[PDB]
Structure formats: structure tokens, C-alpha cells
Amino acid sequence: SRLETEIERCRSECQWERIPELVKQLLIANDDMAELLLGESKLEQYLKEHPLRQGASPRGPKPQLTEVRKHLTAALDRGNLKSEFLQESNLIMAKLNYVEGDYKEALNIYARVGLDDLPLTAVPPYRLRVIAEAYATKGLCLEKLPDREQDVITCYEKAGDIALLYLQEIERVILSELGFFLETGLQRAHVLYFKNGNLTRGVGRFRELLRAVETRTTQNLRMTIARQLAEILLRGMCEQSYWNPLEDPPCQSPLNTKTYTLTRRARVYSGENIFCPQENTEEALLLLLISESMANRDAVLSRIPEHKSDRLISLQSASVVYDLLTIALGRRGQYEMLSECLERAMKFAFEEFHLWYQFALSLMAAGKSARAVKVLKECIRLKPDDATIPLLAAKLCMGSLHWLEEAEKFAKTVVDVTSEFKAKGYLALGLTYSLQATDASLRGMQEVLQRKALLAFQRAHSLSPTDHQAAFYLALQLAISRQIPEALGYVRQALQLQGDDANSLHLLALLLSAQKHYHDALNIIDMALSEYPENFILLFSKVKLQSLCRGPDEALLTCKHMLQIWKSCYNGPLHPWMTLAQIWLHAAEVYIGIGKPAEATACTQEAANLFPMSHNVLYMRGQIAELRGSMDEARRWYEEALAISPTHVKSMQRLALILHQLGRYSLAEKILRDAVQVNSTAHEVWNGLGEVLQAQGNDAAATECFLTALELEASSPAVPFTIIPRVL
Amino acid sequence: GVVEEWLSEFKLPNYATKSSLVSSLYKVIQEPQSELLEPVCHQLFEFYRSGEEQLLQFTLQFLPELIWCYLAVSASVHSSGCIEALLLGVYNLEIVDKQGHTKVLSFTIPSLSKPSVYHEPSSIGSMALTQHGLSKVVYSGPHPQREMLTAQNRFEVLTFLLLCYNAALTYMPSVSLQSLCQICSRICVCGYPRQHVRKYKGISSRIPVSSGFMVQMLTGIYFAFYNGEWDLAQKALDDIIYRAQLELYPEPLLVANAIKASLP
Numbered sequence: 001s002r003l004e005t006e007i008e009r010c011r012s013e014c015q016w017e018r019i020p021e022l023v024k025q026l027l028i029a030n031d032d033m034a035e036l037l038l039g040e041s042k043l044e045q046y047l048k049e050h051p052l053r054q055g056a057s058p059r060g061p062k063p064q065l066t067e068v069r070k071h072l073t074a075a076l077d078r079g080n081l082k083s084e085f086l087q088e089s090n091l092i093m094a095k096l097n098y099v100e101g102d103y104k105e106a107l108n109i110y111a112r113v114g115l116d117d118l119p120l121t122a123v124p125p126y127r128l129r130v131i132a133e134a135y136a137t138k139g140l141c142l143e144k145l146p147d148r149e150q151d152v153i154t155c156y157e158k159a160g161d162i163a164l165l166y167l168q169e170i171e172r173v174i175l176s177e178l179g180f181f182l183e184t185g186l187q188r189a190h191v192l193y194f195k196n197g198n199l200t201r202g203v204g205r206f207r208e209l210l211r212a213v214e215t216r217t218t219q220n221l222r223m224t225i226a227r228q229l230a231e232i233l234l235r236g237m238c239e240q241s242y243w244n245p246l247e248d249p250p251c252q253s254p255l256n257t258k259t260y261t262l263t264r265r266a267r268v269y270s271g272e273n274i275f276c277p278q279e280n281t282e283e284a285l286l287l288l289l290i291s292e293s294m295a296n297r298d299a300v301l302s303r304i305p306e307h308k309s310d311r312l313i314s315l316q317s318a319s320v321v322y323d324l325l326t327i328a329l330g331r332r333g334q335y336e337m338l339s340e341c342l343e344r345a346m347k348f349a350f351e352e353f354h355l356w357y358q359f360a361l362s363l364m365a366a367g368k369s370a371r372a373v374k375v376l377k378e379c380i381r382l383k384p385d386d387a388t389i390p391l392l393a394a395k396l397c398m399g400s401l402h403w404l405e406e407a408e409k410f411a412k413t414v415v416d417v418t419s420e421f422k423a424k425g426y427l428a429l430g431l432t433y434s435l436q437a438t439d440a441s442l443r444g445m446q447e448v449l450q451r452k453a454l455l456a457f458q459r460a461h462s463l464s465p466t467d468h469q470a471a472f473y474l475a476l477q478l479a480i481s482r483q484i485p486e487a488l489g490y491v492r493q494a495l496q497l498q499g500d501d502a503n504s505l506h507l508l509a510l511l512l513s514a515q516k517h518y519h520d521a522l523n524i525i526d527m528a529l530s531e532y533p534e535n536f537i538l539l540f541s542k543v544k545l546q547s548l549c550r551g552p553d554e555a556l557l558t559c560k561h562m563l564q565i566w567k568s569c570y571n572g573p574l575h576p577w578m579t580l581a582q583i584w585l586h587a588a589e590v591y592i593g594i595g596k597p598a599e600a601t602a603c604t605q606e607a608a609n610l611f612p613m614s615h616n617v618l619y620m621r622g623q624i625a626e627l628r629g630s631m632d633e634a635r636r637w638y639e640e641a642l643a644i645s646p647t648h649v650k651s652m653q654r655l656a657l658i659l660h661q662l663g664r665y666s667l668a669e670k671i672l673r674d675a676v677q678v679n680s681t682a683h684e685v686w687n688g689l690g691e692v693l694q695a696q697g698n699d700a701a702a703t704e705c706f707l708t709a710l711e712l713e714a715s716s717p718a719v720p721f722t723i724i725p726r727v728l
Numbered sequence: 001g002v003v004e005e006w007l008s009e010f011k012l013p014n015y016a017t018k019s020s021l022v023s024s025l026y027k028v029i030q031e032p033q034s035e036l037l038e039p040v041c042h043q044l045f046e047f048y049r050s051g052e053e054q055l056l057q058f059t060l061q062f063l064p065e066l067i068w069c070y071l072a073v074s075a076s077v078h079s080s081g082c083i084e085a086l087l088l089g090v091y092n093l094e095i096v097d098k099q100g101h102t103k104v105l106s107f108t109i110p111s112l113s114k115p116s117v118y119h120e121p122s123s124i125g126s127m128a129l130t131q132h133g134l135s136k137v138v139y140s141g142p143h144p145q146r147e148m149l150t151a152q153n154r155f156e157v158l159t160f161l162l163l164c165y166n167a168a169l170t171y172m173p174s175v176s177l178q179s180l181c182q183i184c185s186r187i188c189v190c191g192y193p194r195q196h197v198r199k200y201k202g203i204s205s206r207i208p209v210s211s212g213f214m215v216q217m218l219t220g221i222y223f224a225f226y227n228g229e230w231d232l233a234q235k236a237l238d239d240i241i242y243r244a245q246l247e248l249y250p251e252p253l254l255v256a257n258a259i260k261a262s263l264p
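Heads up: the protein sequence lines correspond to chains D and A, in order.
Numbering of the first sequence is given in the numbering used here, commencing with residue 1 and proceeding in unit increments.
Numbering of the second sequence is given in the numbering used here, commencing with residue 1 and proceeding in unit increments.
Next up, the structure:
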């Protein structure tokens, strides 16, 4: 009675070290319990010594199995026990038949005993363990001989549900270690299902093994099954071939019918606060976030004092996981979360290159640029064999970060390392030199860097015959070099490559506005806007060309048209504010082109609302102050702008022209010299300085300045050529 | 032409079924140098017109042919310029024609701080207790329509007509991955020194396909690996890696490289 409650407390906990002491105690009554307890203690003791291996030979004769034969044939011989203990003795007898290599009589036993009539509610755990291993062993006996698929369904699906019932069971008891047959019944079912093409029941068994509550010994199984199920969610299934885990599979699917329904299953998740993923990508995301947590639980983190082969599998598995995360958040375009996930993945890689590099691309696709450059530095440290790394670092350093010195260094590290990549090496080195040429102070240094970028662009143009960027940015650096027909030739090479480009057609039209082909360039803008309507910069080109050969009416039409397009595409981000201000100021330039100061005052006031201290707005305000006959006010605003950007050119032009009017020839001399130092390629600087020289009498250099301005005017576009972006 | 007899004989769900039109497509409409493919494509629009998923899901299987020939010849020899508006009409009927509203795709992110169908956050320690839980994000929407296909949104339209194949993976046949992944294998390195190694014949022009098109074509290649098409998808994804490396698109090299480190 109570002795059965203490020994039952030892057997429900599966404690196999006190049982010979319990039968050493258990007393007077003649029983057959000692043979079953000692024999099961020697079979389980043999499993604690020598577990069973997959793909094993028919064993026998073994003296330990002869002992177990004595225990089982003794307990079955005398019969001083209950009937179910003799049933389980027949199950261990047929298990001995399976190990030794008996085929027909084993199936005779498993057809005779019967486990499905044995209940599942209020069952002691050791009964679930022996009987569950009898489900797995029973299916194995069904399979080691040549609907058998339905028998796999029976013994393996019942083995799975009742095995989960045993694991949740034993966690339920211990709160109040994995075996071979658990792996056989759990894995063999779905593995055979995908051997059969039974996709539907494969996913069904996956969701059955997953909707069960987590057992501490199934965490490996749950992680691996979340991995495999995530695989099949991403590589075989779509949203139309998807069904919720709370729902039913279809019957006529490219990827079977249920027979029975058990009396008891494991604890399945449900309720009101649960989340049910309504498409395959959400469910993969859940599976792999779980697999990410469990991936840190299973991590060794390369401790590696003397621990390597038990580490690399922990790394490779996580690699599969995060690769799947990359596909998941990738096809959905959620790259900031991807960067957070791989940033959680970065606890692994010490020298492991792939994690750093995927992490870098992850930071790069999500707009993070500075950290991306750091990570690319570390990726240079890891693998110097790749030019893509310093090439991307050069891309981000010449982009929004604007790190031209760094971009030079990374580009140098590209040049130190086929021609399709090194051509990009001199291309990034050339764009770097050009951006440095724009942002330099002296004339001589600017010309040095211009010749450097011109040389590098010639190099990248030679190294690649099929690059629209070598030809195009070569034509652009030559356009800044003012050599027009040559740049036109390279533009003919660019459109010769691709005739459907925005910047290529844009440079064609700007160069045709430099050679004063007005309706030709305007037609190039007509085509380029007929195919690229919402492009802003081509529309600005339409504004200027209409100011050339159309007049102010159609120009205002284009300006309000661009108001329609800005109000169309937007309501946000920063640069649309500047684009709108460009529209207001271009329209204001039209009203100035007529000579109407009030309308331009309104336009530049609406621009002024956007950016009040913008130097272009102050410059337009100064032009209006020129229109209203206030040279002092215009002088004031033109000094307003030259404290915003002292390197702005036109404000020095018209400011020092006011100084040429007001007789202060000294300041006009100085400021015009400094305007030469900033940008000597703007002609009106040389007009103003030449007229100060005419206000001084030095007519030799005066006519040299006027010839300067004339030739520069011969090399002048409508819009300055820096408007076409220098971006890789 | 046998298919000419088919069009002569055709012009209510029982009219769906057919493998004779695919074989007679192999022996009649293998050549694209015939301008009678246009109205029958509109007939394929008729199979697209109704809500029947059958006619769609096995008569939609020949449009990448006209994408490569019609669109490689058109968007670069004569060309008509009409089926861009047919595919654009399919785009409109995908973004709008479900009930009458535009389609706003948006999932919600899971969380380890949330009870869910697979786990519990309560009994676990203070790791996953505290992040924006139970919140929604938008990944495709909202997206207006387009009248006639131009070069600003030719690959946005192509991009979401490819997103139509991002929802109908399992229902595809193998031939769809064959032609779809061979043609999508050659579109990416078409104007580069990599097609010299591939020796894929056709026009030697660089096609300005965009980053999203490459991501949502990498999902398609990634479905093509696991239907026997191993080497073609492998070399194709390698070409995507090369194009992403020269073009410096981060995320396609991110994803595709994550594929390269995810194959046995």
C-alpha cells in the first residue's frame, strides 16, 4: 500500500539506483515484482552503460540479455503480478526479440498485447516510458520487414504524441536526458513523411511537435525542428500554399486524410493572447527568433582552450539560422531589424569573416553608414583578398558621410589589390579626387586634384570598355575641365552604351546648352522627361532651357508643373524641402528675368520660409534689391550671404560689382582676388575684376581678364555641371 | 499553327481543362518572331480576367518569354509597344482588383516579450522581458497605379509582378522555375564580362534592374534550389553575387551571400 507509494514515487521519477535496494527491502509475500524491477533495472542499467545505436546488427547471444530473459520468463512463468505488468513484460520480451533479430514473433507480440486500448489519462510515468518505447519499437518491428504507411502513422504519430506526453509528464513530475527510441519515434515519423512526399503531414507533425509546450530536453529538438520547418517555410511554400497552425490543410495540394484521434495529447498552445502567423514569413520569423534565443543558449562562444570540434557545429548551425533570417527579413525589406539580429549574432565571430561581412552588408542596406565603414575596416583586417569591402567603404565615405580622406585611403587599398573591380578602384579613387577638388581652397591644389581625377578617370575608362560610369564620369570631369566636344564624345559613348539614362541625357543636354544648341538640348529634355517625368533635375533643366529659348511664360508653366510634381510625390524628409526651395527660387529667377520685383519677392519669401539663412535665398533677395534700385540694400544682402558661405561665388561677383559702383576700388580688388582663389572658372568674377582694372587703368591685364571672361563664357553651361551627382 | 486553330476554335469553369497547348506552344510558339503573340496574350488576359485560380496558375506560365523577347527587344529591329500596358493592367488588377481597394501589405514583427503560439515569456528570466512588441510594420504599401509603362517604374511594376510570384510559389510547375530562372539568370550579367563566361546569347546590353527586383528574385532562386534545379540556381545566384558586387547594391549581396553560406 504505502510501500507501493514510496516505490511508486521512485518509479515515477525513474530513479535507477535504489531499485535493488527496494527489492532488497521488498518482504514476506511471494511476488514476481522483483524480477520485473531488477530485470528492468538491468535493461535500463545497460542503456545507462551501452545505449543502442542506429543501424545496428541483430544482436545475441548476450549474457545480460540472458539475465533479462530469466527475469521476463520468470515473471511470465510464475504470474504473481497484474496483467498490465505482464503486458509490459511482453513488450520488453518483444524488445528483446527486436534487438536479437526476431521479426515474425515480435509482430505476433505487438499484435497481441495492444497499447491503444491502454488509457492515457492518469498514467504513471514509467508506464508511459516503457509503453512509449514500445510504440517506437513496435513501429520499428513494423518497418524492419518488407497500408504500412498507415502503420507508420499509427506507431510513430502515437509515439510522438504520447512521447511528448511523457516529456511534459516527467517535467510535470520533477517540478512536483534523452533516449534512443524517443529520437526514433520523433524523427522517424516526419523524416519518413518527407521520404514519402507527404508534405502536408510533414508540416502537420512539425506544428504538432512545435505547438507542444517546451520540454527542457526537447530544446535541441525544438531548435532543430524550427530550423527545418523554417527551411521548408522559405524554400517550398508560399502564402497561397499557407495555412495557419490553428487551421486545416487542403486536400488537393501540390505539397492524405487523418484516420484516428487520440484520447489525450500534449499541452498545445492556445488562448486569447497568442499570436498566430497569418503567412509563412511571419511564422519563419517566429521560428528563427526562437532559434536565435536557443542559439545563444546552445552557444559555446568559441571558448577554445581545448574545445574546437564541439564549437564549430554550434557556429555552423547558427549560420544556417541567420542565413534564413537574412532571407526572411530580406524579401520583406526589413533591414534595420536584420541589422539588430545580426548584431545579436556578432557574439560569435572572433576571426569568422562571413558573420562580419553579412553584418556589414546588413548595416549598409539599412542606411547605417558610419558603423558600416567601421565594420568594413574590420573586414579589411580579416580578409584583405576582397576589393568589394574597401570599395563599399569608399562608396559610403564619398556618399552621405563625406569622408574624402578616408575614401582616398580605402580606394588606395583597392588599387593595392579582375579589371572589373580595379576599374571601380580607379573610379572611386577618381570620384574621391574630384570631390576633393571641389572642396579645396587654393586654385593650384584644386587643379592638382582635377588633373588627378581626370587621370584616374582616364585609367578607369581604359580599363573598362563597357562602363557607362567610367565614360560618364570621365565626361563629367572633362565637363568641369570645360573641354566641351570631347566630353560630348564620351557622352556619345555613354548613351552609346545606355540610351535611357537620366544623368547621361542630362549631361548631353547641358553640353548642348554649353554649345548653345537651344532647341536641340530642349528636345533632349523633352525626350528625357517623356521617359522620366517625375525626375526633378531634368525639370530644372527644362526651366533653364525654357528661360533660354522659350521665355518666361512656359518657364512659369514648368515651375508650377514642378509644384504639381512636388505636391504629387510628397506631402517629410529633408531634401524635398530643399527641392521646393529650388522651385521657388527658380520661379523667382523667372520673375527677375522679366523684371517684376514683387512676385519674385513673394517667391523668395516662400523659399525664405523654408531655409531663412540659405545663401541662395539671400542671393535672390540681393538680386531683388538690385531690381528695386537699392545698391546699399543689395550690398547688405550680398554681405549677408558671404558670411554664410565665404566660398560662394556669385555673391562676391555682384557684391564687388556694387563696390565697383561705390568707388571703394580696394575692397573690390581684394574680394575679386579672393573670388579668383575660390573659383577662377566663373566668368563674371573676371568681368568684375577686369572692370576694376579698367577703373584702375591697367589695360593689359584688364583685356586679359576680359578675354578670360569671354573664353569662360564660351565654356559656360546653363546649369553648372556639378549638379549631376558624383555617386558610385 | 495548332494554337492558331485553338484561337480559331475558342473565340464555364469546365473550359479550364491542358498539356496540348504547352506542347503545341513548343512546336508553334517557340519562335517569338511573330506578332500574333499579342492578342493571344490578351486572351491570356481573359484567363487572368476572372477570379479562377486554375487558368491563372497554369496559363500564366509563359510571360517571362515575352518579358525577355518582347521586353529585351522593346526596352533597349522593330517593336510594337503594347504588352507593357497588358502587364501593367495585370499590375493594376493585382494592386487594386481584389475587392476595389488598393493592396497594403504589412506584417507585424514577433517578440520574445510576448506570449505566442510557440513559447512563453513569463517563466523565463529577465532577458526577454524588456522593445516594440505587438507592433505593425509596412513592407509593401501603399502603391498607386500606372497608365502606360515608362522607364521610371518599369522595374517597380516588374518588381511587384515579381512579387506576384512571391505569393504563388508552391503552385508553380518546374518549367516555370526553368525558364524563369534561366531568363532571370541571364538578365543580371547581360552587359558584363560574366556573360562572356556564361555565353548566354542575346542582345549584349546592360539591363538596369534595381535592388528590390534582385531581392525578390533571390527569393525565387531560393525556391528554385529546392525543386531539383540545383546547378542553374547555383550559377544564377553566383551571377547575382557578381552583379551585386560590381553594382554595389548592399542587400542583394547580403541575401545572396547568405544563400551561399546556407547550402550543403
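From the three backbone atoms N, C-alpha and C, an ideal C-beta is built for every residue, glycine too.
As a quick exercise: from the options, pick the residue whose alpha carbon is nearest that of residue i.
i: residue 29 (chain D); options: D:686, D:49, D:80; result: D:80
i: residue 123 (chain A); options: D:94, D:187, D:155, D:213; result: D:213
i: residue 183 (chain D); options: D:201, D:159, D:261; result: D:159
i: residue 44 (chain D); options: D:14, D:409, D:677, D:273; result: D:14
i: residue 274 (chain D); options: D:265, D:286, D:280; result: D:286
i: residue 612 (chain D); options: D:587, D:157, D:373, D:644; result: D:644
i: residue 26 (chain A); options: A:7, A:12, A:1; result: A:1
i: residue 537 (chain D); options: D:503, D:521, D:563; result: D:503
i: residue 144 (chain A); options: A:156, A:133, A:136, A:135; result: A:156
i: residue 151 (chain A); options: A:9, A:177, A:208, A:62; result: A:208
i: residue 260 (chain D); options: D:11, D:151, D:724; result: D:151
i: residue 176 (chain A); options: A:203, A:223, A:187; result: A:223
i: residue 38 (chain A); options: A:24, A:20, A:7, A:23; result: A:7
i: residue 49 (chain D); options: D:574, D:91, D:692, D:16; result: D:16
From the DSSP output, read off the bridge partner residues of residue i.
i: residue 140 (chain A); result: A:105
i: residue 212 (chain D); result: D:268
Just to confirm, is the Cβ distance from residue i to residue j under 8 Å?
i: residue 715 (chain D); j: residue 484 (chain D); result: yes
i: residue 726 (chain D); j: residue 431 (chain D); result: yes
i: residue 292 (chain D); j: residue 321 (chain D); result: yes
i: residue 658 (chain D); j: residue 634 (chain D); result: yes
i: residue 328 (chain D); j: residue 234 (chain D); result: yes
i: residue 331 (chain D); j: residue 216 (chain A); result: yes
i: residue 276 (chain D); j: residue 305 (chain D); result: no
i: residue 249 (chain A); j: residue 214 (chain A); result: yes
i: residue 278 (chain D); j: residue 326 (chain D); result: no
i: residue 728 (chain D); j: residue 428 (chain D); result: yes
- Query: Which full runs of the alpha helix (DSSP H) of 4+ residues lie inside the segment 633-710 of chain D, going along the chain?
  - Reply: Within the segment 633-710 of chain D, the alpha helix (DSSP H) runs of at least 4 residues that lie entirely inside it are, in chain order, 650-661, 665-678, 683-694.
- Message: Would you call the segment 36-54 of chain A in contact with the segment 8-26 of chain A, where contact means no fewer than 3 C-beta pairs closer than 8 Å?
- Response: yes
- Mind the definition here: the segment 245-261 of chain D touches the segment 81-99 of chain A only if three or more C-beta pairs lie below 8 Å; say whether that holds. no
- Query: Does the segment 387-402 of chain D touch the segment 242-259 of chain A, meaning 3 or more C-beta pairs lie closer than 8 Å?
  - Reply: Touching, per the Cβ criterion.
- Task: Entirely within the segment 19-47 of chain D and at least 3 residues each: give me those beta strand (DSSP E) ranges in chain order.
- Result: none
- Would you call the segment 297-312 of chain D and the segment 127-142 of chain A touching, i.e. three or more CB-CB distances under 8 Å? Too few Cβ pairs lie closer than 8 Å, so no.
- Message: Please give the ranges of any alpha helix (DSSP H) in the segment 363-427 of chain D, keeping only runs that are unbroken, at least 4 residues long and fully inside the region.
- Response: 370-382, 388-397, 404-415
- Query: Between the segment 588-603 of chain D and the segment 624-639 of chain D, do at least 3 Cβ pairs fall closer than 8 Å?
  - Reply: The segment 588-603 of chain D is in contact with the segment 624-639 of chain D.
- Query: Are at least three pairs of beta-carbons, each pair with one atom in the segment 153-169 of chain D and one in the segment 125-141 of chain D, less than 8 Å apart?
  - Reply: Yes, they touch.
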